[PDB]
Amino acid sequence: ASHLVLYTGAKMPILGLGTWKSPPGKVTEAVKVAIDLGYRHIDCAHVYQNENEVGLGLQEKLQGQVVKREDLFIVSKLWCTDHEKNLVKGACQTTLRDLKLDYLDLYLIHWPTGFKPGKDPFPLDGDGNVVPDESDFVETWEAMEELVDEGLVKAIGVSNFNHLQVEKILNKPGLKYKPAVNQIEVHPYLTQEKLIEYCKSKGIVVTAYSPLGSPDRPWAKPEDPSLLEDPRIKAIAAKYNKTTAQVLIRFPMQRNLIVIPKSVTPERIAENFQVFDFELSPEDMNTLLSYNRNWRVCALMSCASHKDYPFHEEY
Ligand SMILES: NC(=O)c1ccc[n+]([C@@H]2O[C@H](COP(=O)([O-])OP(=O)(O)OC[C@H]3O[C@@H](n4cnc5c(N)ncnc54)[C@H](OP(=O)(O)O)[C@@H]3O)[C@@H](O)[C@H]2O)c1
């Protein structure tokens, strides 16, 4: 479509640049190059440790009159150690200052899981699992609502919430704003049609993260399945005279999901924008959907015992 529309009215660009694992000394040029290629949406997060450097690229493009702030759709996320209601405004302000922006277009609760506050991002105990705080994400949701009320963010949403977690927000007494977006892992090996269908029935947009399976994820050990080099999808690419990457990016788009592929490589940032020039015929769509192995790349195993760990539920 080019954009999907959130329930607030705001047009959210269907393709965005992902910045997880984009190193601080590469992400400014990547952001700059992307905006030069026409990307108008950047997905960021406090925990990626490069929002300052994202802010540099953006500032350059905005002072250089290459883009108007209204044309940009910048997303960031509230980290797990900042879920306590009193910590939320502070975390949104750090992110705003680092990004050098006055408001965010979308701010997401990054994971349902609140971790014990402190500077350490993943506070681990002696057994090695993560330490929980004393908060419920419904209380965090309320402080996220105050950010809308003050004009710090134009829309709020969640990420990696299962449908019962989304339900607990939707059914909250006093709910002022509902999640405009649920950003979740989606790719052939985790097609997520139940959660997607659910959010779509509730009028929540879906952003598919890790559209290519994340080759650069630290935990990639040699025996892993590589979506990009899986001969089956490379074959349907060959037919399309498109790459495995461009077709794995076209797939969520054809499902009416926002896609945010990550690349710091200029050439691949341009290739990933070169997806608006074709359609996959319905057999192809069915051929990729049938690869649902329910293979998660972002499982957060360290937090599997957490009361709000999202993935013990089916969807
Ligand atoms: N909410 C959440 O919990 C959450 C979790 C994970 C990810 N996300 C978001 O989703 C974004 C994308 O997911 P991801 O970074 O995990 O992985 P991804 O987009 O599936 O894959 C990124 C990897 O694939 C490579 N790649 C990108 N374009 C390519 C192309 N055109 N051809 C060949 N290889 C290509 C990248 O290499 P180079 O970068 O070296 O080019 C990088 O190694 C993240 O950056 C982040 O913003 C959100």
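Calculation rules
- Residues numbered from 1 in each chain as written, not as in the entry; some residues may be left out.
- Heavy atoms only, no water.
- Near = heavy atom within 4 Å.
- Polar contact = N/O pair within 3.5 Å; in protein donor to acceptor, adjacent residues only side chain to side chain.
- Helix = DSSP H or I, 4+ residues; strand = E, 2+ residues; numbered from the N terminus.
- Nonpolar A, V, L, I, M, F, W, Y, C, P; charged D, E, K, R; others polar.
- Pairing = 2+ DSSP bridges.
- Contact = heavy atoms within 4.5 Å.
- Axes fitted to C-alpha atoms, helices over the stretch in contact; angles between N-to-C directions.

- Per the deposition metadata, X-ray crystallography was the technique used to determine this entry, at a resolution of 2.0 Å.

### Regarding the site of the ligand
Move 1: Looking at the ligand, there are 31 residues lining it, with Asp43, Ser159, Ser214, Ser263 and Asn272 nearest.
Move 2: Between the ligand and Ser159 there is a distance of 2.6 Å, counted from a nitrogen atom to a side-chain nitrogen or oxygen.
Move 3: Sort the elements by how many residues they give to the shell around the ligand and helix α9 (residues 266-273) lands first, with three residues.
Move 4: Tallied by class, the residues present in the shell around the ligand amount to 12 nonpolar, 12 polar and seven charged.

### Observations concerning the sheet that holds strand β10 (residues 258-259)
Move 1: With parallel pairing, the eight strands of this open sheet are ordered in space as β3-β4-β5-β6-β7-β8-β9-β10. Each edge of the sheet is formed by a strand with only one pairing partner; in this case those strands are β3 (17-18) and β10.
Move 2: The sheet contact formed by strand β9 (residues 205-209) and β10 spans two bridges and is parallel. The partner of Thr207 across the bridge, within β10, is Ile258.
Move 3: The strands that helix α6 (residues 193-202) touches are β8 (181-185) and β9; relative to β8, the one it contacts most, it runs at about 175 degrees.

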